[PDB]
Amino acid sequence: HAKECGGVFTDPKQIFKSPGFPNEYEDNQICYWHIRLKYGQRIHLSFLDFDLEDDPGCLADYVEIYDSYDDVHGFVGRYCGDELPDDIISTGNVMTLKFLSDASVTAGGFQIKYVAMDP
């Protein structure tokens, strides 16, 4: 139980896993993680593991990161393949992660850490 993932996260620190990790993710997976810390705090995001389906535009499988509390504002990047994306630091107290896999081809998945940064 199961292909369940995401929600809102307000703790100082957490490691997000792709559903099933360390098993490969499944097809047709969508997950949203919304990080919200205290006003004045920022988010240091780091990639422990990253292995998704690869294609030139990441049109199939991807993890998207937003420097905001939605998946509309402050788009920082879209990632796939087996390269570890560089660390991401938020400009504010909010960050949004979206994972999507399409109908075919799976890979190892990911573990992504965030930690609070104080002023």
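The first residue of the shown sequence is 1; numbering continues from there.
Look at the C-alpha B-factors of 63-71 and of 78-86. On average they run higher in 78-86.
The deposited CA B-factor of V8 belongs to the lowest third of values across its chain. Ranked by Cα temperature factor within the chain, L45 sits in the lowest third according to the deposited record. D55 sits in the highest third of its chain by CA B factor, as recorded in the PDB entry. Per-chain ranking of the deposited C-alpha B factor places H34 in the lowest third.
Ranked by C-alpha B-factor against the other modelled residues of its chain, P22 falls in the highest third.
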